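We did not get these values from a lab; they are worked out from the coordinates using the rules stated. No Cβ is skipped: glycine too gets one built from the backbone with ideal geometry, and neighbour counts run over all protein chains shown.
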């Protein structure tokens, strides 16, 4: 099968149909035409974006998103088949940027997963602004947003 995409969030004030936030120690809000993670004061807080459309996003693949923030942190997966759902696996990091920066993270082929985690490493209580959160079953080498127009 060719690459299949799950578009979790583009812009606006809601997640797309069939996605929910199962994160912790944080508040997810919608401001500045983005999805915003603000970890609670002094907490290693996260959003965890659960796919309710299928039992999994897929096995391996690529996670793409854009981030704008003054803090930094980690992107992970959880709900991995074969594991306790609480166990999380790091797939990449994001850093501070004045405007939206694109990231692509390869998901190990060993991981068939149902949740995308974004987490504030410094426990900073600083907003992390996100757009265009998209999962592809294909490789990151084969993904580009310009082809999503």
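General remarks:
- Sequence ranges 79-87, 36-44, ranked by mean other-Cβ count within 10 angstrom, highest first: 36-44, 79-87
- Packing, taken as the mean count of other beta carbons within 10 Å per residue, orders the peptides 133-145, 107-119 from highest to lowest as 107-119, 133-145.
- Rounded if a/c under 1.5, otherwise prolate or oblate - the stretch 71-139, Cα gyration tensor axes: oblate
- For the pair residue 7 and residue 24, label points projected 7 Å from Cα toward Cβ lie 3.2 nm apart.
- Inter-label distance, residue 17 to residue 110: 3.7 nm, where each label sits 7 Å from its Cα along the C-beta direction.
- Cβ-Cβ FRET estimate between residue 141 and residue 86, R0 fixed at 30 Å, reported to 0.05: 0.45
- Each label point was placed 7 Å from the Cα along the Cα-to-Cβ direction; for residue 32 and residue 97 their separation is 1.3 nm.
- Across all directions, the average projected area of the convex hull around the alpha carbons of the stretch 7-57 is 3.7 nm².
- For the chain, dividing the convex hull volume of the Cα atoms by the residue count gives 104 Å³ per residue.
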